[PDB]
Each structure stands twice: as C-alpha cells, then as structure tokens.
4 protein chains.
Amino acid sequence: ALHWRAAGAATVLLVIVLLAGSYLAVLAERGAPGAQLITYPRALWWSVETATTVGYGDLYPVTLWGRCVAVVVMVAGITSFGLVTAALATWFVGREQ
Amino acid sequence: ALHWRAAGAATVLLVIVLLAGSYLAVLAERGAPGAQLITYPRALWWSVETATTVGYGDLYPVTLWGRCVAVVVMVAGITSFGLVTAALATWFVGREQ
Amino acid sequence: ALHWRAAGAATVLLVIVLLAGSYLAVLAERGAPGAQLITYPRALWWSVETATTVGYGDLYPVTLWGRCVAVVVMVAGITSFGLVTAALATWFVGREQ
Amino acid sequence: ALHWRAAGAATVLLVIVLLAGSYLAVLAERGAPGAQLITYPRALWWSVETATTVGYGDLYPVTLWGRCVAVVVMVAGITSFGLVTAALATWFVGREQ
Ligand SMILES: [K+]
Ligand SMILES: [K+]
Ligand SMILES: [K+]
C-alpha cells in the first residue's frame, strides 16, 4: 500500500538523518568551548537521545551551527515517529468492515 | 484542502510562538537569581528545546512568569506537531479507494 | 459530538491530575533526602515539566511513592495529549466529502 | 475488536520490555565507570523515565551495550503509546454514523 510502505521508508530516512547529523554535529562543535559533541561515537548517542526527544542532558550543542543540526534531528524524529502512528491509525481504520 | 493546509499554517504559528516566547521569557527572567534565560540567543534555543519537549536541562525558567511562558511554548509544540501527525493520518486514510 | 467533546473533557481531567499529583508528591517526598519536591509551588512546576514529558532535570522524585505519582502524571499527559491529536485526526477525516 | 484489543496487548508488552530492559541494563552497566544503572530498583525508574521519553538526566547508560538497551526501551515506549493514540483515533472515527 502507501501508508504501510511510506512509514517503513521514513525509518530508513531517519537512520540517514542520524548518521549525517552525528557526523555533521561533531565538525560543528569539536573546536569550541563545549560539551562532548567532539567524538563521533558520542554524537551517535546524542542523535538517538535527541530524535527520541528523551534529552538526558549528558550531551548537547553549544554552537549556533551545532544547534541547527539539533533542530533537524529533533523534527526528523518527531515527524517520522508520527508517520508510524499515522500508519497504525489507518490500519485500525482499515477495519470498518 | 483543509488538513494539508491547516497544518502548514500551524507551523507558521509555531515560529510566532517561539520568537514571542523567547523574547517574553528573557524580560521575565533576566533580573532574577536564575539560569541563562537572560540573553535572547539563548532563549531561542530554549524555545526549541522546550517545544520539541527534548528538555536538555542546560536552560529553564525559575520565575513564576517565565514558567507560564514555558507552558505556552510546551503545548504549542505538542499541539502543532500533533496536527502534522493528524494531517498525515488523513492523507493515509484518503487512500481507501 | 464525541471526539470534539471527549478531548475537551480530558484536558479538564489533566488539570485535576496535575494539582492532585503535585500535592500528593510533596507529602511523599518532603521528609526524605531528596530534591525540591518539598514545596507545592515547585511540585506544580514539576507536574507540567513531567506531563509534557519535557523533563528538565531541575526537579524529580527520589522516593518510591513519589516515583509512582510520577508515572501517573507522565501517562496522564501522554494519553490526554494523544486524545487531542485523535480529535484533530477525525476532524480532518470528517472532510471526506 | 482489533484496535481496542491490540492496544491493550501492547501495554502488556511494554511492561515486559521495561522489566527485561531494566534487568538487562544493570548487568551491562554495573562494572563500568558510569551512572547509577548499577542497582535494579533504579533501572526500573530509568526505564519509565526513558520509555515516557521524559529523560530527567539523573540516570542514563554510558556503556555501548547499555545504550542499545536504551534505544529498545525508547521506541518501545514511543510505539506502544502511539498504538493507544491510534486506538482512540479509530474509536472517534467509528462514530461517522
Ligand atoms: K518528550
Ligand atoms: K524529554
Ligand atoms: K534533562
């Protein structure tokens, strides 16, 4: 269908944004007076922390550019997780019979 | 349509609430014994942090008034991000054919 | 209708849970070696922080009982905010004509 | 039905993931230079903190393995709480009459 397939594709897109966001956030933050967004294996963990919108506080950006990257990974999580709710909402609606 | 257009307009409304919230939160908090909601370029970052409901902890209000502003930017995020889920949910429902 | 009215009633219910949760969390936490869930005007702010699931970190429970109260205010927020998304999702679906 | 029953079953599944996640996160983290994911009664509280995506910051994983467990309990919360929104969205749609 569409609903069932657009969602599955959005999760493939979310992984893209995480890896790209992690690796972009490092080069944005690394040379500044700021938190450990200075190694990749920590930026990956930050992405997941942020895209889920759990936001522990153990890591975050302090650069203007690094904070842009943030917004992107934030909405990428919210939106793509919204699709998966939407997909299930029509699967449940697709039982009106 | 409506669903597709009401959502796009809600995101234009969310930007309004962020800028207005940021600039209102500063004047509420600036003269108090509290966290760096004392400059604008930091209040903008707080808005995004809060409207996403990521809530890192690096910034927040300690004034009663500054904490009102918070609630507003909080629900503004939740609600308007809900509309975008709703918009996609009917776009997926709009394929019953 | 129902969708439009059940939601409006759920938000009246959320306010109930906040005030009841705030005032229950204080008496649970006040006498323990733990964070400022020891005054009411701070427990109210914690409720909003938690029901939104923003979770700044400036406040939280450290008692087993105070942590139960938490769960309640957590899901009360998630669920009732879900209804408002659901309400809008059928209002958008209610334009199939 | 399905929508009303699949959701109720997902919440039974969420409890499973919490207890399994809590008890798996402890053995992953206990022997490392990291935060109090070193006792069970604290890992249970972390699960709820994370599955709700409140993320206070008082607790989190610092191990690669402990951070995997995290992702699992994160999406488990997002997804299963999505179903409950979806369930209510079709219950409201199931009044088109
Ligand atoms: K959240
Ligand atoms: K959060
Ligand atoms: K936090």
# chains A, B, ... in the order shown; residues from 1 in each chain; ligands from 1

call {"tool": "residues_near_ligand", "arguments": {"ligand": "ligand 1", "cutoff": "8 Å", "atoms": "only C-alpha atoms and all ligand atoms", "output": "count of residues only"}}
result
16

call {"tool": "interface_residues", "arguments": {"of": "chain D", "to": "chain A", "cutoff": "8 Å", "atoms": "only C-alpha atoms", "output": "PyMOL selection string"}}
result
chain D and resi 2-3+50+53-57+60+67+71+74-75+78-79+82-83+85-87+89-90+93-94

call {"tool": "calpha_fit_and_write", "arguments": {"fixed": "chain A", "moving": "chain C", "output": "CSV table (one decimal) with N, CA, C and O atoms, in the first residue's frame"}}
result
chain,number,residue,atom,x,y,z
C,1,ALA,N,0.9,-1.2,0.0
C,1,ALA,CA,0.0,0.0,0.0
C,1,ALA,C,0.9,1.3,0.0
C,1,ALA,O,2.0,1.2,-0.5
C,2,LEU,N,0.3,2.4,0.6
C,2,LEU,CA,1.1,3.6,0.8
C,2,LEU,C,1.4,3.8,2.2
C,2,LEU,O,2.6,3.8,2.6
C,3,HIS,N,0.4,3.8,3.1
C,3,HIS,CA,0.6,4.1,4.5
C,3,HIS,C,1.6,3.1,5.2
C,3,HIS,O,2.4,3.6,5.9
C,4,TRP,N,1.5,1.9,4.8
C,4,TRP,CA,2.3,0.8,5.4
C,4,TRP,C,3.7,0.9,4.8
C,4,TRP,O,4.7,0.5,5.5
C,5,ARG,N,3.9,1.4,3.6
C,5,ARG,CA,5.2,1.5,2.9
C,5,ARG,C,5.9,2.8,3.0
C,5,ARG,O,7.1,2.9,3.0
C,6,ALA,N,5.2,3.9,3.2
C,6,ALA,CA,5.7,5.2,3.3
C,6,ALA,C,6.4,5.4,4.7
C,6,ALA,O,7.4,6.0,4.8
C,7,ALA,N,5.8,4.7,5.7
C,7,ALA,CA,6.3,4.6,7.0
C,7,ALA,C,7.7,3.9,7.1
C,7,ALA,O,8.7,4.4,7.6
C,8,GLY,N,7.6,2.7,6.6
C,8,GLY,CA,8.9,1.9,6.5
C,8,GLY,C,10.0,2.6,5.8
C,8,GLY,O,11.2,2.4,6.2
C,9,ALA,N,9.7,3.4,4.9
C,9,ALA,CA,10.7,4.2,4.1
C,9,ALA,C,11.2,5.4,4.9
C,9,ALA,O,12.3,5.9,4.8
C,10,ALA,N,10.3,6.0,5.8
C,10,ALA,CA,10.6,7.1,6.6
C,10,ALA,C,11.6,6.7,7.7
C,10,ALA,O,12.5,7.5,8.1
C,11,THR,N,11.6,5.4,8.2
C,11,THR,CA,12.5,4.9,9.2
C,11,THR,C,13.9,4.7,8.6
C,11,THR,O,14.9,4.8,9.2
C,12,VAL,N,13.9,4.4,7.3
C,12,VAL,CA,15.2,4.3,6.5
C,12,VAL,C,15.7,5.7,6.4
C,12,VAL,O,16.9,5.9,6.3
C,13,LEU,N,14.8,6.7,6.3
C,13,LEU,CA,15.3,8.1,6.2
C,13,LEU,C,15.8,8.6,7.5
C,13,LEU,O,16.7,9.5,7.5
C,14,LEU,N,15.2,8.2,8.6
C,14,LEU,CA,15.6,8.6,9.9
C,14,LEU,C,17.0,8.2,10.3
C,14,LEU,O,17.8,9.0,10.9
C,15,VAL,N,17.4,7.0,9.9
C,15,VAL,CA,18.7,6.5,10.1
C,15,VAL,C,19.7,7.3,9.4
C,15,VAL,O,20.8,7.7,9.9
C,16,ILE,N,19.4,7.7,8.1
C,16,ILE,CA,20.2,8.6,7.3
C,16,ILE,C,20.5,10.0,8.1
C,16,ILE,O,21.6,10.4,8.2
C,17,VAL,N,19.4,10.6,8.6
C,17,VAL,CA,19.5,11.8,9.3
C,17,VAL,C,20.3,11.7,10.6
C,17,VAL,O,21.1,12.7,10.9
C,18,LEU,N,20.2,10.6,11.3
C,18,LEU,CA,21.0,10.4,12.5
C,18,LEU,C,22.5,10.4,12.2
C,18,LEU,O,23.3,11.2,12.7
C,19,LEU,N,22.9,9.5,11.3
C,19,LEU,CA,24.3,9.4,10.9
C,19,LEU,C,24.9,10.6,10.3
C,19,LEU,O,26.0,11.0,10.6
C,20,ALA,N,24.1,11.3,9.5
C,20,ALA,CA,24.5,12.6,8.8
C,20,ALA,C,24.6,13.7,9.9
C,20,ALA,O,25.5,14.5,9.8
C,21,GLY,N,23.6,13.7,10.8
C,21,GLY,CA,23.5,14.7,11.9
C,21,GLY,C,24.7,14.5,12.9
C,21,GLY,O,25.3,15.5,13.3
C,22,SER,N,24.9,13.3,13.3
C,22,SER,CA,26.0,12.9,14.2
C,22,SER,C,27.3,13.4,13.6
C,22,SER,O,28.1,14.2,14.3
C,23,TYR,N,27.6,13.1,12.4
C,23,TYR,CA,28.9,13.4,11.8
C,23,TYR,C,29.0,14.9,11.4
C,23,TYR,O,30.1,15.4,11.2
C,24,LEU,N,27.9,15.6,11.3
C,24,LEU,CA,27.9,17.0,11.0
C,24,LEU,C,28.0,17.8,12.3
C,24,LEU,O,28.7,18.8,12.3
C,25,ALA,N,27.4,17.3,13.3
C,25,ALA,CA,27.4,18.0,14.6
C,25,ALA,C,28.8,18.0,15.3
C,25,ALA,O,29.2,19.0,15.9
C,26,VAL,N,29.6,16.9,15.1
C,26,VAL,CA,31.0,16.8,15.5
C,26,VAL,C,31.8,18.0,15.0
C,26,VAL,O,32.4,18.8,15.7
C,27,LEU,N,31.9,18.1,13.6
C,27,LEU,CA,32.7,19.1,13.0
C,27,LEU,C,32.2,20.5,13.3
C,27,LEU,O,33.0,21.5,13.1
C,28,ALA,N,31.0,20.6,13.7
C,28,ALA,CA,30.4,21.9,14.1
C,28,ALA,C,30.9,22.4,15.5
C,28,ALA,O,31.1,23.6,15.7
C,29,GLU,N,31.1,21.4,16.4
C,29,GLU,CA,31.2,21.6,17.8
C,29,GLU,C,32.7,21.4,18.3
C,29,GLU,O,33.1,22.0,19.3
C,30,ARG,N,33.4,20.5,17.6
C,30,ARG,CA,34.7,20.0,18.1
C,30,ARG,C,35.7,21.0,18.6
C,30,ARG,O,36.4,20.8,19.6
C,31,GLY,N,35.8,22.2,17.9
C,31,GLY,CA,36.8,23.2,18.2
C,31,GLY,C,36.3,24.3,19.1
C,31,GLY,O,37.0,25.3,19.3
C,32,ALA,N,35.2,24.1,19.8
C,32,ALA,CA,34.6,25.1,20.6
C,32,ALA,C,34.7,24.7,22.1
C,32,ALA,O,35.0,23.6,22.4
C,33,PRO,N,34.5,25.7,23.0
C,33,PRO,CA,34.4,25.5,24.4
C,33,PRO,C,33.1,24.8,24.9
C,33,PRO,O,32.3,25.4,25.7
C,34,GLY,N,32.9,23.6,24.4
C,34,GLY,CA,31.6,22.9,24.6
C,34,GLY,C,31.6,21.4,24.8
C,34,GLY,O,32.5,20.7,24.4
C,35,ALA,N,30.5,20.9,25.3
C,35,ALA,CA,30.2,19.5,25.7
C,35,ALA,C,30.6,18.5,24.6
C,35,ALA,O,30.7,18.8,23.4
C,36,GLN,N,30.7,17.2,25.1
C,36,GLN,CA,31.4,16.2,24.4
C,36,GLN,C,31.0,15.8,23.0
C,36,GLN,O,31.2,14.7,22.5
C,37,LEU,N,30.3,16.7,22.3
C,37,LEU,CA,30.0,16.5,20.9
C,37,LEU,C,31.2,16.7,20.1
C,37,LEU,O,31.3,17.6,19.2
C,38,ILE,N,32.3,16.0,20.4
C,38,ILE,CA,33.6,16.2,20.0
C,38,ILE,C,34.2,14.8,19.5
C,38,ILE,O,35.3,14.8,18.9
C,39,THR,N,33.5,13.7,19.8
C,39,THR,CA,33.8,12.4,19.2
C,39,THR,C,32.5,11.9,18.5
C,39,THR,O,31.4,12.3,18.9
C,40,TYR,N,32.7,11.1,17.4
C,40,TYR,CA,31.6,10.5,16.7
C,40,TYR,C,30.7,9.5,17.5
C,40,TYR,O,29.5,9.7,17.6
C,41,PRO,N,31.4,8.5,18.2
C,41,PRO,CA,30.6,7.5,19.0
C,41,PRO,C,29.8,8.1,20.1
C,41,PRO,O,29.0,7.4,20.7
C,42,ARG,N,29.9,9.4,20.3
C,42,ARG,CA,29.1,10.1,21.3
C,42,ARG,C,28.0,11.0,20.6
C,42,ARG,O,27.0,11.2,21.2
C,43,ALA,N,28.3,11.4,19.4
C,43,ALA,CA,27.4,12.1,18.6
C,43,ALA,C,26.2,11.2,18.1
C,43,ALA,O,25.1,11.7,18.0
C,44,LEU,N,26.5,10.0,17.9
C,44,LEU,CA,25.5,9.0,17.5
C,44,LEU,C,24.5,8.8,18.6
C,44,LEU,O,23.3,8.7,18.4
C,45,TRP,N,25.1,8.7,19.9
C,45,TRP,CA,24.2,8.5,21.1
C,45,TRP,C,23.4,9.8,21.3
C,45,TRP,O,22.3,9.7,21.8
C,46,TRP,N,24.0,11.0,20.9
C,46,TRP,CA,23.2,12.2,21.1
C,46,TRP,C,22.1,12.3,20.2
C,46,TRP,O,21.0,12.8,20.5
C,47,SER,N,22.3,11.8,18.9
C,47,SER,CA,21.2,11.8,17.9
C,47,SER,C,20.0,11.0,18.4
C,47,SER,O,18.9,11.6,18.4
C,48,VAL,N,20.3,9.8,18.9
C,48,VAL,CA,19.2,9.0,19.4
C,48,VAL,C,18.5,9.6,20.6
C,48,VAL,O,17.3,9.7,20.7
C,49,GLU,N,19.3,10.2,21.5
C,49,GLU,CA,18.8,10.9,22.6
C,49,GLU,C,17.9,12.1,22.2
C,49,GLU,O,16.8,12.3,22.9
C,50,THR,N,18.2,12.7,21.1
C,50,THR,CA,17.5,13.9,20.6
C,50,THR,C,16.3,13.6,19.7
C,50,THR,O,15.3,14.3,19.8
C,51,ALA,N,16.5,12.7,18.8
C,51,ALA,CA,15.4,12.3,17.9
C,51,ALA,C,14.3,11.6,18.6
C,51,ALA,O,13.1,11.7,18.1
C,52,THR,N,14.5,10.9,19.7
C,52,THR,CA,13.5,10.4,20.5
C,52,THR,C,12.9,11.5,21.4
C,52,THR,O,11.8,11.3,21.9
C,53,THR,N,13.6,12.6,21.4
C,53,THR,CA,13.3,13.7,22.3
C,53,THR,C,13.3,13.3,23.8
C,53,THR,O,12.5,13.8,24.6
C,54,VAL,N,14.2,12.3,24.2
C,54,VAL,CA,14.4,11.9,25.6
C,54,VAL,C,15.2,13.0,26.3
C,54,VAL,O,14.8,13.4,27.4
C,55,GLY,N,16.3,13.5,25.6
C,55,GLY,CA,17.1,14.6,26.0
C,55,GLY,C,17.6,14.5,27.5
C,55,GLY,O,17.0,15.2,28.3
C,56,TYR,N,18.5,13.6,27.7
C,56,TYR,CA,19.0,13.3,29.1
C,56,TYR,C,19.7,14.6,29.6
C,56,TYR,O,19.4,15.0,30.8
C,57,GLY,N,20.6,15.2,28.9
C,57,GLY,CA,21.3,16.4,29.3
C,57,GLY,C,22.8,16.1,29.5
C,57,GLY,O,23.6,17.1,29.6
C,58,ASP,N,23.2,14.9,29.4
C,58,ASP,CA,24.6,14.5,29.4
C,58,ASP,C,25.4,15.0,28.1
C,58,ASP,O,26.6,15.0,28.2
C,59,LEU,N,24.7,15.4,27.1
C,59,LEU,CA,25.3,15.9,25.9
C,59,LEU,C,24.3,16.8,25.1
C,59,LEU,O,23.1,16.6,25.2
C,60,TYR,N,24.8,17.9,24.5
C,60,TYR,CA,24.1,18.8,23.7
C,60,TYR,C,25.0,19.8,23.0
C,60,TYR,O,26.2,20.0,23.3
C,61,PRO,N,24.5,20.5,21.9
C,61,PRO,CA,25.3,21.5,21.3
C,61,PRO,C,25.4,22.8,22.0
C,61,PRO,O,24.4,23.2,22.7
C,62,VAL,N,26.5,23.6,21.8
C,62,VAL,CA,26.6,24.9,22.3
C,62,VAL,C,27.0,25.9,21.2
C,62,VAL,O,27.1,27.1,21.5
C,63,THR,N,27.2,25.4,20.0
C,63,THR,CA,27.5,26.2,18.8
C,63,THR,C,26.1,26.5,18.1
C,63,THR,O,25.2,25.7,18.2
C,64,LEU,N,26.1,27.7,17.5
C,64,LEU,CA,24.9,28.0,16.7
C,64,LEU,C,24.6,27.0,15.6
C,64,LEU,O,23.5,26.6,15.4
C,65,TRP,N,25.7,26.6,14.9
C,65,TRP,CA,25.6,25.6,13.8
C,65,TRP,C,25.2,24.3,14.4
C,65,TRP,O,24.3,23.6,13.8
C,66,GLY,N,25.9,23.8,15.4
C,66,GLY,CA,25.6,22.6,16.1
C,66,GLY,C,24.2,22.5,16.6
C,66,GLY,O,23.6,21.5,16.7
C,67,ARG,N,23.6,23.7,16.9
C,67,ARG,CA,22.2,23.8,17.4
C,67,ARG,C,21.2,23.8,16.3
C,67,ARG,O,20.0,23.4,16.5
C,68,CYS,N,21.6,24.2,15.1
C,68,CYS,CA,20.8,24.0,13.9
C,68,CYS,C,20.6,22.5,13.6
C,68,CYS,O,19.5,22.0,13.6
C,69,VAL,N,21.8,21.8,13.4
C,69,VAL,CA,21.8,20.3,13.3
C,69,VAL,C,20.8,19.7,14.2
C,69,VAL,O,20.0,18.9,13.8
C,70,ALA,N,20.8,20.2,15.5
C,70,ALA,CA,19.9,19.7,16.5
C,70,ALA,C,18.4,19.7,16.0
C,70,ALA,O,17.8,18.7,15.9
C,71,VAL,N,17.9,20.9,15.8
C,71,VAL,CA,16.5,21.1,15.3
C,71,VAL,C,16.2,20.1,14.2
C,71,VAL,O,15.2,19.4,14.3
C,72,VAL,N,17.1,19.9,13.2
C,72,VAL,CA,16.9,19.0,12.1
C,72,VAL,C,16.6,17.6,12.7
C,72,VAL,O,15.6,16.9,12.4
C,73,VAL,N,17.6,17.1,13.5
C,73,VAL,CA,17.4,15.7,14.1
C,73,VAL,C,16.2,15.6,15.1
C,73,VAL,O,15.6,14.5,15.2
C,74,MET,N,15.9,16.7,15.7
C,74,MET,CA,14.7,16.8,16.5
C,74,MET,C,13.4,16.5,15.7
C,74,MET,O,12.7,15.5,16.0
C,75,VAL,N,13.1,17.4,14.7
C,75,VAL,CA,11.9,17.2,14.0
C,75,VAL,C,11.9,15.9,13.1
C,75,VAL,O,10.8,15.3,13.0
C,76,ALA,N,13.0,15.5,12.7
C,76,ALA,CA,13.2,14.2,11.9
C,76,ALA,C,12.7,13.1,12.7
C,76,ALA,O,12.0,12.2,12.2
C,77,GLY,N,12.9,13.1,14.0
C,77,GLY,CA,12.4,12.1,15.0
C,77,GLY,C,10.9,12.3,15.2
C,77,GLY,O,10.2,11.3,15.0
C,78,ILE,N,10.5,13.5,15.6
C,78,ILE,CA,9.1,13.7,15.8
C,78,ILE,C,8.2,13.3,14.6
C,78,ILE,O,7.3,12.5,14.7
C,79,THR,N,8.5,13.9,13.4
C,79,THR,CA,7.8,13.6,12.2
C,79,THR,C,7.8,12.2,11.8
C,79,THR,O,6.7,11.6,11.7
C,80,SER,N,8.9,11.5,11.7
C,80,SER,CA,9.0,10.1,11.2
C,80,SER,C,8.3,9.2,12.2
C,80,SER,O,7.7,8.2,11.8
C,81,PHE,N,8.4,9.5,13.5
C,81,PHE,CA,7.6,8.7,14.5
C,81,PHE,C,6.1,9.0,14.5
C,81,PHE,O,5.3,8.2,14.9
C,82,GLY,N,5.8,10.1,13.9
C,82,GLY,CA,4.4,10.5,13.7
C,82,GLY,C,3.8,9.7,12.6
C,82,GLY,O,2.6,9.2,12.7
C,83,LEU,N,4.5,9.5,11.5
C,83,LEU,CA,4.1,8.6,10.4
C,83,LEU,C,3.8,7.2,10.8
C,83,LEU,O,2.8,6.7,10.4
C,84,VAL,N,4.6,6.7,11.7
C,84,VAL,CA,4.4,5.3,12.2
C,84,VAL,C,3.1,5.2,13.0
C,84,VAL,O,2.4,4.2,13.0
C,85,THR,N,2.7,6.3,13.8
C,85,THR,CA,1.4,6.4,14.4
C,85,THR,C,0.3,6.5,13.4
C,85,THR,O,-0.7,5.8,13.5
C,86,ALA,N,0.5,7.4,12.4
C,86,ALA,CA,-0.4,7.5,11.3
C,86,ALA,C,-0.7,6.2,10.5
C,86,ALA,O,-1.8,5.9,10.2
C,87,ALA,N,0.4,5.5,10.3
C,87,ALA,CA,0.3,4.2,9.6
C,87,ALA,C,-0.6,3.2,10.3
C,87,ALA,O,-1.5,2.6,9.7
C,88,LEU,N,-0.4,3.2,11.6
C,88,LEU,CA,-1.2,2.3,12.5
C,88,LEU,C,-2.6,2.8,12.7
C,88,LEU,O,-3.6,2.0,12.9
C,89,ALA,N,-2.8,4.1,12.6
C,89,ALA,CA,-4.2,4.7,12.7
C,89,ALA,C,-5.1,4.4,11.6
C,89,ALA,O,-6.3,4.2,11.7
C,90,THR,N,-4.5,4.2,10.4
C,90,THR,CA,-5.3,3.9,9.2
C,90,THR,C,-5.4,2.3,9.0
C,90,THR,O,-6.4,1.9,8.4
C,91,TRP,N,-4.5,1.6,9.6
C,91,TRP,CA,-4.6,0.1,9.6
C,91,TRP,C,-5.7,-0.3,10.6
C,91,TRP,O,-6.4,-1.3,10.3
C,92,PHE,N,-5.9,0.5,11.6
C,92,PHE,CA,-7.1,0.3,12.5
C,92,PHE,C,-8.4,0.9,11.9
C,92,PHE,O,-9.4,0.3,12.1
C,93,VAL,N,-8.3,1.9,11.1
C,93,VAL,CA,-9.4,2.5,10.4
C,93,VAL,C,-9.8,1.6,9.2
C,93,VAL,O,-11.0,1.4,8.9
C,94,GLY,N,-8.8,0.9,8.6
C,94,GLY,CA,-9.0,-0.1,7.6
C,94,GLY,C,-9.6,-1.3,8.0
C,94,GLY,O,-9.5,-2.4,7.4
C,95,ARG,N,-10.3,-1.3,9.2
C,95,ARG,CA,-11.2,-2.3,9.7
C,95,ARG,C,-12.5,-1.7,10.1
C,95,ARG,O,-12.9,-1.7,11.3
C,96,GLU,N,-13.2,-1.1,9.1
C,96,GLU,CA,-14.5,-0.5,9.2
C,96,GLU,C,-15.6,-1.6,8.8
C,96,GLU,O,-16.8,-1.4,9.2
C,97,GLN,N,-15.1,-2.6,8.1
C,97,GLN,CA,-16.0,-3.7,7.6
C,97,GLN,C,-16.6,-4.5,8.8
C,97,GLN,O,-17.8,-4.2,9.1

call {"tool": "select_by_dssp", "arguments": {"residues": "chain B", "states": "alpha helix (DSSP H)", "output": "ChimeraX atom specification"}}
result
/B:3-29,40-51,64-93
